>>> print(open('coords_7.pdb').read())   # PDB, N, CA and C atoms and all ligand atoms
ATOM      1  N   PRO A   1      69.130-112.905 -33.472  1.00  0.00           N
ATOM      2  CA  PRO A   1      68.943-114.299 -33.861  1.00  0.00           C
ATOM      3  C   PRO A   1      68.193-115.113 -32.802  1.00  0.00           C
ATOM      4  N   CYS A   2      67.763-114.442 -31.739  1.00  0.00           N
ATOM      5  CA  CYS A   2      67.041-115.096 -30.658  1.00  0.00           C
ATOM      6  C   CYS A   2      65.594-114.616 -30.606  1.00  0.00           C
ATOM      7  N   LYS A   3      64.656-115.538 -30.766  1.00  0.00           N
ATOM      8  CA  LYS A   3      63.244-115.203 -30.727  1.00  0.00           C
ATOM      9  C   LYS A   3      62.541-115.987 -29.631  1.00  0.00           C
ATOM     10  N   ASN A   4      61.880-115.275 -28.732  1.00  0.00           N
ATOM     11  CA  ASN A   4      61.024-115.919 -27.754  1.00  0.00           C
ATOM     12  C   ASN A   4      59.571-115.588 -28.099  1.00  0.00           C
ATOM     13  N   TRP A   5      58.814-116.575 -28.574  1.00  0.00           N
ATOM     14  CA  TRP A   5      57.407-116.364 -28.901  1.00  0.00           C
ATOM     15  C   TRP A   5      56.554-116.176 -27.655  1.00  0.00           C
ATOM     16  N   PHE A   6      56.850-116.955 -26.623  1.00  0.00           N
ATOM     17  CA  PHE A   6      55.978-117.030 -25.459  1.00  0.00           C
ATOM     18  C   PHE A   6      56.622-116.397 -24.233  1.00  0.00           C
ATOM     19  N   UNK A   7      57.938-116.257 -24.255  1.00  0.00           N
ATOM     20  CA  UNK A   7      58.650-115.722 -23.109  1.00  0.00           C
ATOM     21  C   UNK A   7      59.824-116.623 -22.723  1.00  0.00           C
ATOM     22  N   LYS A   8      59.940-116.983 -21.441  1.00  0.00           N
ATOM     23  CA  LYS A   8      61.098-117.736 -20.972  1.00  0.00           C
ATOM     24  C   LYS A   8      60.846-119.233 -21.079  1.00  0.00           C
ATOM     25  N   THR A   9      59.666-119.584 -21.562  1.00  0.00           N
ATOM     26  CA  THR A   9      59.301-120.977 -21.745  1.00  0.00           C
ATOM     27  C   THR A   9      59.914-121.540 -23.033  1.00  0.00           C
ATOM     28  N   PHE A  10      60.115-120.676 -24.024  1.00  0.00           N
ATOM     29  CA  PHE A  10      60.677-121.094 -25.298  1.00  0.00           C
ATOM     30  C   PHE A  10      61.852-120.157 -25.686  1.00  0.00           C
ATOM     31  N   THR A  11      63.121-120.614 -25.666  1.00  0.00           N
ATOM     32  CA  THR A  11      64.215-119.804 -26.179  1.00  0.00           C
ATOM     33  C   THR A  11      64.781-120.423 -27.454  1.00  0.00           C
ATOM     34  N   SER A  12      64.813-119.647 -28.529  1.00  0.00           N
ATOM     35  CA  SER A  12      65.367-120.123 -29.784  1.00  0.00           C
ATOM     36  C   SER A  12      66.431-119.148 -30.303  1.00  0.00           C
ATOM     37  N   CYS A  13      67.691-119.571 -30.266  1.00  0.00           N
ATOM     38  CA  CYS A  13      68.777-118.808 -30.855  1.00  0.00           C
ATOM     39  C   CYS A  13      69.448-119.641 -31.936  1.00  0.00           C
ATOM     40  N   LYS A  14      69.366-119.185 -33.175  1.00  0.00           N
ATOM     41  CA  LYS A  14      69.963-119.908 -34.282  1.00  0.00           C
ATOM     42  C   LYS A  14      70.567-118.940 -35.290  1.00  0.00           C
TER      43      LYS A  14
HETATM   44  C1  LIG B 101      68.361-111.875 -33.903  1.00  0.00           C
HETATM   45  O1  LIG B 101      68.441-110.714 -33.498  1.00  0.00           O
HETATM   46  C2  LIG B 101      67.323-112.351 -34.912  1.00  0.00           C
HETATM   47  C3  LIG B 101      66.009-112.766 -34.266  1.00  0.00           C
HETATM   48  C4  LIG B 101      64.906-112.902 -35.303  1.00  0.00           C
HETATM   49  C5  LIG B 101      64.077-114.156 -35.088  1.00  0.00           C
HETATM   50  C6  LIG B 101      64.898-115.416 -35.316  1.00  0.00           C
HETATM   51  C7  LIG B 101      64.050-116.549 -35.877  1.00  0.00           C
HETATM   52  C8  LIG B 101      63.510-116.224 -37.252  1.00  0.00           C
END
>>> encode(input="coords_7.pdb", output="structure tokens")
Amino acid sequence: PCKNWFXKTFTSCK
């Protein structure tokens, strides 16, 4: 459920 498109700059867990 966690996707990082760019790396550690964008964290999305939903
Ligand atoms: C968790 O393992 C699921 C991650 C898939 C991307 C989440 C946003 C669609």
>>> atom_distance(input="coords_7.pdb", atom1="atom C2 of ligand LIG 101 (chain B)", atom2="CA of residue 14 (chain A)")
8.0 Å
>>> resolve_selection(input="coords_7.pdb", expression="the PyMOL selection byres (((not hetatm)) within 6.5 of (chain B and resi 101))", output="ChimeraX atom specification")
/A:1-3,12,14
>>> axis_aligned_box(input="coords_7.pdb", around="region 7-11 of chain A", padding_each_side="3 Å", output="lines of an AutoDock Vina configuration file")
center_x = 61.4
center_y = -118.6
center_z = -24.2
size_x = 12.8
size_y = 11.8
size_z = 12.5
>>> decode(input="coords_7.pdb", residues="chain A", atoms="N, CA and C atoms", output="PDB file, in the first residue's frame")
ATOM      1  N   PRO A   1       0.808  -1.215   0.000  1.00  0.00           N
ATOM      2  CA  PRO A   1       0.000   0.000   0.000  1.00  0.00           C
ATOM      3  C   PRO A   1       0.848   1.275   0.000  1.00  0.00           C
ATOM      4  N   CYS A   2       2.164   1.107  -0.072  1.00  0.00           N
ATOM      5  CA  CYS A   2       3.084   2.235  -0.076  1.00  0.00           C
ATOM      6  C   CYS A   2       3.784   2.357  -1.426  1.00  0.00           C
ATOM      7  N   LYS A   3       3.598   3.487  -2.091  1.00  0.00           N
ATOM      8  CA  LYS A   3       4.221   3.723  -3.381  1.00  0.00           C
ATOM      9  C   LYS A   3       5.098   4.964  -3.331  1.00  0.00           C
ATOM     10  N   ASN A   4       6.363   4.803  -3.686  1.00  0.00           N
ATOM     11  CA  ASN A   4       7.241   5.945  -3.852  1.00  0.00           C
ATOM     12  C   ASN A   4       7.543   6.101  -5.344  1.00  0.00           C
ATOM     13  N   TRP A   5       7.001   7.143  -5.974  1.00  0.00           N
ATOM     14  CA  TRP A   5       7.258   7.393  -7.388  1.00  0.00           C
ATOM     15  C   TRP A   5       8.685   7.860  -7.635  1.00  0.00           C
ATOM     16  N   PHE A   6       9.183   8.709  -6.745  1.00  0.00           N
ATOM     17  CA  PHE A   6      10.444   9.397  -6.981  1.00  0.00           C
ATOM     18  C   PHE A   6      11.537   8.905  -6.040  1.00  0.00           C
ATOM     19  N   UNK A   7      11.142   8.285  -4.940  1.00  0.00           N
ATOM     20  CA  UNK A   7      12.106   7.837  -3.951  1.00  0.00           C
ATOM     21  C   UNK A   7      11.711   8.303  -2.550  1.00  0.00           C
ATOM     22  N   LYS A   8      12.644   8.908  -1.807  1.00  0.00           N
ATOM     23  CA  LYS A   8      12.384   9.269  -0.418  1.00  0.00           C
ATOM     24  C   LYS A   8      11.801  10.672  -0.327  1.00  0.00           C
ATOM     25  N   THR A   9      11.634  11.301  -1.479  1.00  0.00           N
ATOM     26  CA  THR A   9      11.061  12.634  -1.544  1.00  0.00           C
ATOM     27  C   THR A   9       9.533  12.580  -1.436  1.00  0.00           C
ATOM     28  N   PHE A  10       8.941  11.481  -1.896  1.00  0.00           N
ATOM     29  CA  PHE A  10       7.497  11.321  -1.860  1.00  0.00           C
ATOM     30  C   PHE A  10       7.136   9.949  -1.229  1.00  0.00           C
ATOM     31  N   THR A  11       6.565   9.890  -0.008  1.00  0.00           N
ATOM     32  CA  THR A  11       6.075   8.631   0.528  1.00  0.00           C
ATOM     33  C   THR A  11       4.551   8.647   0.614  1.00  0.00           C
ATOM     34  N   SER A  12       3.908   7.668  -0.008  1.00  0.00           N
ATOM     35  CA  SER A  12       2.461   7.567   0.043  1.00  0.00           C
ATOM     36  C   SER A  12       2.039   6.170   0.512  1.00  0.00           C
ATOM     37  N   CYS A  13       1.498   6.088   1.723  1.00  0.00           N
ATOM     38  CA  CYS A  13       0.926   4.853   2.231  1.00  0.00           C
ATOM     39  C   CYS A  13      -0.546   5.072   2.544  1.00  0.00           C
ATOM     40  N   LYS A  14      -1.415   4.380   1.827  1.00  0.00           N
ATOM     41  CA  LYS A  14      -2.844   4.521   2.039  1.00  0.00           C
ATOM     42  C   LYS A  14      -3.542   3.175   1.897  1.00  0.00           C
TER      43      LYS A  14
END
